[PDB]
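K.L.:
Next up is a structure, given as structure tokens.
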Protein chains: 2
Amino acid sequence: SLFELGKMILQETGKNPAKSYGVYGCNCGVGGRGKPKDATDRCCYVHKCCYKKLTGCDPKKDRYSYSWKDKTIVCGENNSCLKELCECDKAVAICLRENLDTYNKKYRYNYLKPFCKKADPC
Amino acid sequence: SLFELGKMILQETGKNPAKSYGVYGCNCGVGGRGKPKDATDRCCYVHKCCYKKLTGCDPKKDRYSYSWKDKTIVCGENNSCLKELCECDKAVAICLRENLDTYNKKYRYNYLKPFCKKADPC
Ligand SMILES: CCc1c(C(=O)C(N)=O)c2c(OCC(=O)O)cccc2n1Cc1ccccc1
Ligand SMILES: CCc1c(C(=O)C(N)=O)c2c(OCC(=O)O)cccc2n1Cc1ccccc1
């Protein structure tokens, strides 16, 4: 679900998910994928490519369970579709955390998103 | 295409179309439709509904020709899909101009688009 994804991004990056990443670059938030603009954008590219491989579940709405073992996000069992989905959300939240220092606020509100260059079908 | 649409919006409103409207409200720019926030937003809602009926061409990518008869945008060669595409774009550019008196910069970069209340069927 969008609300579990936002929780993980807030806990991993310390930033508000919607404001800092909701319109970021060519891949983060609304819209689809495009030529990634930096490391942070590449994370959202892989995450959207991750979402594309889910067959029988709705990433935006279908909820899932997850827990925290020390600093590690643990995805609880709940069908392979929701497991991979939690693993997609864990992946992007860790990814955004790992590349915080290359975050660039000049791509935060990318109002040229539809004019991004084409990308590959994942 | 988006190139002709942006040209119309610039000519009618005098504003940078991508910066001013690319992420505006719940309906303008990248993303889908949602509960409109104001009159400018409702222009984009109507325009997206207009695009929905163009099942025979690509509204974002397919180029077309237009010109001006005095102060009225005149859409050219009646290729059925491309003619109606041009008319969709002319309608929103005039709608945006006529509603500049309530344009709200607070909605310009709506990073909360995915949390907009769902819209009615077109
Ligand atoms: C990176 C943050 C992100 C997405 C990403 O992680 C991303 N890959 O862009 C994403 C998104 O992507 C999934 C998809 O397109 O279906 C769709 C919509 C919003 C999206 N926010 C912003 C957000 C997430 C959670 C709570 C509040 C705001
Ligand atoms: C309101 C302006 C607008 C769209 C609208 O007119 C609107 N109805 O939102 C729209 C758009 O809409 C079509 C759709 O979503 O399929 C999609 C993508 C960008 C869109 N920009 C911004 C823009 C348009 C043209 C040139 C440069 C920027």
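Per the header of the entry, the method used was X-ray crystallography, 1.7 Å.
Cβ coordinates are placed from backbone N, Cα and C, and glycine is handled just like the others.
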K.L.:
What is the disulfide partner of A:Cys44 among A:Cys26, A:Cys28, A:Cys75, A:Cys81, as given in Swiss-Prot?
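P.N.:
According to the record, the bonded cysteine is A:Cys28.
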K.L.:
Kindly point out the range from A:49-62, A:77-90, A:105-118 that Swiss-Prot annotates with region 'Important for membrane-damaging activities in eukaryotes and bacteria'.
P.N.:
A:105-118
K.L.:
Looking at the disulfide bonds in Swiss-Prot, identify which of A:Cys75, A:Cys95 pairs up with A:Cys43.
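P.N.:
Swiss-Prot annotates a disulfide bond between A:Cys43 and A:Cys95.
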K.L.:
Any idea which of the recorded sites A:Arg108, A:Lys113 has the thinnest Cβ neighbourhood at 10 Å?
P.N.:
A:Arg108
K.L.:
Write down the Cα-Cα distance for A:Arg108 (site 'Important residue of the cationic membrane-docking site (MDoS)') and A:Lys19 (site 'Cationic membrane-docking site (MDoS)'), rounded and given in Å.
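P.N.:
A:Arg108 (site 'Important residue of the cationic membrane-docking site (MDoS)') has its Cα 8 Å from the Cα of A:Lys19 (site 'Cationic membrane-docking site (MDoS)').
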K.L.:
Taking the Cβ of A:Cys122 (disulfide bond) as the reference point, list residues of the same chain whose Cβ is under 8 angstroms away and which are at least six residues distant in sequence.
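P.N.:
A:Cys122 (disulfide bond) has long-range Cβ partners A:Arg33, A:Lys48, A:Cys49, A:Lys52, A:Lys53.
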K.L.:
Applying an 8 Å Cβ threshold (strictly under) against chain B, tell me which of the recorded positions A:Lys19, A:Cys81, A:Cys86, A:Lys105, A:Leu112, A:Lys113 fall inside, in sequence order.
P.N.:
A:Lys19, A:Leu112, A:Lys113
